[PDB]
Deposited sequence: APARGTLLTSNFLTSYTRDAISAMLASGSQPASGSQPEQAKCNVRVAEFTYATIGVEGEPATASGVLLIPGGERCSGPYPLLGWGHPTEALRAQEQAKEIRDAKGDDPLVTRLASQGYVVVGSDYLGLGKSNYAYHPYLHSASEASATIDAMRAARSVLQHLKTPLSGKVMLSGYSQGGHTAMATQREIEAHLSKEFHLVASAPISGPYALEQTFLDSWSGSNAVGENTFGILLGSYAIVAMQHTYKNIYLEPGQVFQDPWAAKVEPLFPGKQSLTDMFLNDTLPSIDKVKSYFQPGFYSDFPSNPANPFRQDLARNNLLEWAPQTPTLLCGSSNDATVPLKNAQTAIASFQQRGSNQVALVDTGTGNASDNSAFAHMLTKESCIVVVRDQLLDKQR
C-alpha cells in the first residue's frame, strides 16, 4: 500500500465546547469549538524504507461558533516507553482533559499525531526513539491518512499546515519540518512550526549531561532516557553492541532491551527504580563505554546521535522554539545552539521564547513536564494564531 494509505478509522467520542470550557475552569480561557476524537491506522515505512503500519489520533473541531476552514496541525508526542500506548484512547480515557483538546482543537485546530513506529497499533518490532527520518515519515504519513479521513467527512481545511511537539515530540516536530521543507512543500503548505523543549542539539544534549548534571541542574531522568536512546539506536543502526553487556553492567544488561518499549511507562520505571538513579551511573554503564562516549566522536552511540542532530539546515518556515531555562532534562540551550547554526546558515526564521521563572532556584529536571502546556499556550498565541 502507498505511504499514507488509511487502513482503519473510527470515532471514539466527542466533547462540547461547554464541556471543554468546564475542564479549563476546573484546571480562564473558553473553548470555541466542540472536539471530535478519532483514531486511525495507516500504511507507512520502517527505518529501511520497508512497509510498516502505525496508529494515530485525529482531533476535529466543530460547532456553530467554530466554522472552518481549519488549519492542520501535526503533533509529536513525548517519550513513550509503554509499547501499547495509543494517544487517542489515552485522551478518551482522560475524559478529553488534554491540552491537545483543551488548548488547540478547542480553538479551531485540526490536530493529527502519530503514535510512532513500534507504539500503539504499529506492527514495528521496536520504536526508533529519536530517529529523525522515521519520526518524520510516521508524522507525514499520519497527516496523509488523516487528510483522507477529513476529505471523507468533508471537514473544511484551509490548506495551511503547522507543526508542534513536546520533548521527544519537539525533535519530531523539527525533523518533520526539515523533511517537508526539503521535499514536500507543495503537498504541505507549512506556515508555522513550534517545537517545544526538544533536543535539536541531540549529540550535544547527551554530552553536556553525561556526568549526570548540566549547567541547568541534574538530568534526573537521564538514565531512563539515555537507555531508551541506546537500545533504540542499536535496533536502528546495529552498530553499538553484539549484546547488551558491552554497554550495560549486570543485572541491567539483561533487562534493558525489553523495557524500551515495554510493559512499563517511564513513570512506573522512575517510581519503582527499575534502573539506578544518576548518582550511580558509574555502576550502571560499563566503564569503557562510559569514558569512550564523551572522548570519542566516533563512538557508535555518539555517531548515531549525531546522525539525528537537527542543526545543519536553514529553516524556511517561521519557527518558534519554546522551552524553559529551568528545564534540566532538555536544556533550553538546545534552542540557542539550533538558532545559532540556522542563522550561520542564512536563516533568520527561527525565534526562541522562554517560559521559565528566571530564578535558578526553580531549576529542575521536573520543570520539563511543565513546559508542555505552558508552551502550547504561548506558541499558539505568539505564532500559530498569527499564521492560520
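Comparing the deposited sequence with the modelled residues shows gaps at 1, 29 to 36, with numbering starting at 1.
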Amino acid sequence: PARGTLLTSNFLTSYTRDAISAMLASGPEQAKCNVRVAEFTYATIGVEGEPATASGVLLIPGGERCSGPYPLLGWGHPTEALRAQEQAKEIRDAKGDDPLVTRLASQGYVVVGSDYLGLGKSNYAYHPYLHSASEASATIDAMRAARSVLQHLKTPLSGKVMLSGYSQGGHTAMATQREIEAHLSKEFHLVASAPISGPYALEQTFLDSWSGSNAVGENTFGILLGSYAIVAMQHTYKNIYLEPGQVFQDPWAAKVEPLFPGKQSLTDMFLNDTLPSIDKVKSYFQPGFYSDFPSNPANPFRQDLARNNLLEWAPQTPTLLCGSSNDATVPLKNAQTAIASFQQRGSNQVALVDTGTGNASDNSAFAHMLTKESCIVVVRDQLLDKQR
From here on, numbers count along this sequence of modelled residues.
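Mean CA B-factor, 298 to 306 versus 150 to 158: the higher value falls on 150 to 158.
Judged by mean Cα B factor in the deposited record, 249 to 257 ranks above the other of 249 to 257 and 207 to 215.
The PDB entry gives the largest Cα B-factor of the residues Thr329, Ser325, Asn334, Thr44 to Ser325. Out of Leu275, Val112, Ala192, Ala232, the entry records its largest CA B-factor for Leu275. Annotation for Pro28: CA B-factor lies in the highest third of the chain's modelled residues.
Looking at the C-alpha B-factors along this chain, the one for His77 belongs to the lowest third. The PDB entry assigns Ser361 a C-alpha temperature factor belonging to the highest third of its chain's modelled residues.
In this PDB entry, the Cα temperature factor of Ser55 sits in the bottom third of its chain's modelled residues, the lowest group.
For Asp98, the recorded CA B-factor ranks within the middle third of the chain. Only modelled residues enter the ranking.
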